[PDB]
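Only one chain is shown below, in structure tokens, and it's the form deposited in one PDB entry.
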């Protein structure tokens, strides 16, 4: 009941910012660029430092020409519109955004602990309690997003960052979409694709609960439930309706995962009459204090080593290219709304 009123409030806030988006709240020459943290097909994310405040931020840079050239104009306008509109303890905060002649820029709080992917691969697999601590934050986060009619559609350890308190910050709304009923776009990463996406059916927010099942499996095994050397072979396993579990998995974990990795949508946890409460009240989450997780009062199982402001030791090294800004504005028409 306290949940329904919190989410009613959250919907109002989201909708005001959605309707009247933040635009052009800084400029490139207010920041020093320090290091590339990540890359994508139309740009990069860089650690930057605000010259006046000395605060560090993660700055996502998108090349407008490459965005138009790869026909993802809507996808990027949309990514920024959602990010500027949401507010949740496990979502990375957008602080500033702007554009120039060549690029779009989204300046986020810097999450210094790096990607869950790194920690998970280094240690091999997480204990059930450790995996459960992270899983609860994703459950609350999808509860939040779904209540705004958002589907996230790109869950992966690679895009779940670990903050200085060892909690999750979800990054990258690149594939997120406001959807009232069904949508049809084929997007994600092969190992996280829900079967209804693979089969080109119209799908809903339940693809996110399937993806949660893949994440929990992968966090607890150290590898995902469906993998092969060719995507089509992964897709065959996903749609097959069969999953194998490591014998070290608890019986409660196997049960939860059989219910999330349900090919049949009439049977998938998160998609039934009781919604997210089927997941929250599952035995695997018996020991979980949902309010305490939301209030970030639970002690993290792990805190990344943090060697001072702007430490990037938890991040991989990428080639440092020049950020060329043209003397002439490009694609100005297409990105008016940004």
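So that the term is clear: the rigid core is the largest set of C-alpha atoms that superpose within 1.5 Å between two forms. Residue numbers count along the first chain shown, from 1.
Quick note: we don't show the form deposited in another entry, though the next part is all about it.
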Is it true that residue 205 shifts between this form and the one not shown by 2 Å or more at the Cα, once the core is aligned? no
Rigid core fitted, is the C-alpha displacement of residue 47 between this form and the one not shown 2 Å or more? yes
With both forms fitted on the core, check whether the Cα of residue 277 differs by 2 Å or more between this form and the one not shown. no
